[PDB]
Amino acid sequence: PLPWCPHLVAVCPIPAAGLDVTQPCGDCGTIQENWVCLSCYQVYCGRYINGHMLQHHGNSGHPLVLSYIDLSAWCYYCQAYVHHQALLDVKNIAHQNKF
């Protein structure tokens, strides 16, 4: 796990509308294990489902994504989970919507 990464700069403000942790994958419509992109805030399924967030990474280059299952943040380039106070707000907003 990383306490910081050089890609945290890419994290954009949480949408004013907030987050929807039950939002379907934008490609396959599944609800199983979705992630939200911390740059564009599109929602796509994890790599153990249909890999649409991975596809999104491939298309966009956006580095950091947040899990709607356990609120872990993954950096595709660092290939690691990253935890940092820069992510405090987004994780809280997700948590509040979830519970």
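Note that residue numbering begins at 1 and tracks the sequence as displayed.
Per the PDB record, residue ranking by Cα B-factor puts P1 in the highest third of the chain. The PDB entry assigns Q42 a C-alpha temperature factor belonging to the middle third of its chain's modelled residues. Among the modelled residues of its chain, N34 has a C-alpha B-factor that falls in the middle third according to the deposited record. The PDB entry assigns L87 a C-alpha temperature factor belonging to the middle third of its chain's modelled residues. In the PDB entry, a CA B factor belonging to the highest third of its chain's modelled residues is recorded for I69.
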